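Just so you know, all these numbers are worked out from the coordinates, no wet-lab data involved. Cβ coordinates were reconstructed from backbone atoms using ideal geometry, including for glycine residues, and neighbour counts include every protein chain displayed.
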Amino acid sequence: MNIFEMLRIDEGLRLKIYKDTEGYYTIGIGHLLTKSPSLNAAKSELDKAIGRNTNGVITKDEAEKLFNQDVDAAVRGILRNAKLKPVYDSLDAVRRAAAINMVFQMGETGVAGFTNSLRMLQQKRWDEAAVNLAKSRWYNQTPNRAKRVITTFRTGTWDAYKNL
Ligand SMILES: CCN1BC=CC=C1
Ligand code: NA
């Protein structure tokens, strides 16, 4: 297990434009296209991202290319954020993957409300952090995924992703 395999489990792989859990147009391995309700706007974003006129359909290689860019962007975003970087730096590599997962799903300022969780994680108060992380819209709307990510933060193991 690693961040790529983890997010591949959590996001799936679909080669045609679909709507994500929030109803937003997405493709590939959780590549958010736009929050616009316009399918045409989504298709334009796709063409821009891939560099060709798609039919709203991409190849697996193309999906994986966007995925690698998106993982890289999530990490880069953490490192550029004054609140996130010190906590991320304090973590072991398994828990760093859990952090990247959250930023991939919600965005860097979408984790803005996790101040208290962040403190508990830097303190390595893992059970307390896990309890706090679950007190969130995130957990309520995507509980199975959040439970896996939270277990990863609680334990520093890949146990929640085994047999998946
Ligand atoms: C709240 C979990 N995270 B996210 C980004 C960096 C460090 C910890
Ligand atoms: Na998805």
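Could you tell me the center-to-center distance, by alpha carbons, between segment 66-109 and segment 6-22 in angstrom?
Computed from Cα coordinates, the inter-centre distance equals 19 Å.
Over the chain, with a Gaussian network built from C-alpha contacts below 10 Å, which listed residue (37, 143, 86) shows the highest mean-square fluctuation?
37
For the pair residue 140/residue 112, report the inter-label distance in nm, with labels modelled 7 Å from Cα in the Cβ direction.
Going by the 7 Å Cα→Cβ label model, 1.9 nm.
Test of understanding: in a Gaussian network model of the chain with alpha carbons linked when under 10 Å, which of 132, 101, 116 would top the mean-square fluctuation ranking?
Maximum among the listed residues: 116.
Quick one: net charge around residue 87, please, counting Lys, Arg +1 and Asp, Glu -1 for every other residue with C-beta under 15 Å from its C-beta.
In short, +4.
Round to the nearest 10 and give me the degree value, 0 to 90, for the angle of helix 93-106's Cα axis relative to the longest principal axis of the chain.
Taking the Cα atoms of the chain, the angle to 93-106 is about 50 degrees.
Which ³J(HN,Hα) values, rounded to whole Hz and listed in residue order, are derived for segment 144-155 from phi using the Karplus coefficients 6.51, -1.76 and 1.60 in 6.51 cos²θ - 1.76 cosθ + 1.60 with θ = phi - 60°, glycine and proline given as x?
Calculated HN-Hα couplings, in order: 5, 5, 4, 4, 5, 5, 4, 4, 5, 5, 5, 9 Hz.
Okay, helix-only estimate at 222 nm for the chain: each DSSP H run of n ≥ 4 adds -39500 (n - 2.57), divide by all residues, round to 500 deg cm²/dmol; what do you get?
On the way: 9 runs with 97 residues, N = 164.
Theoretical 222 nm ellipticity from helices: -18000 deg cm²/dmol.
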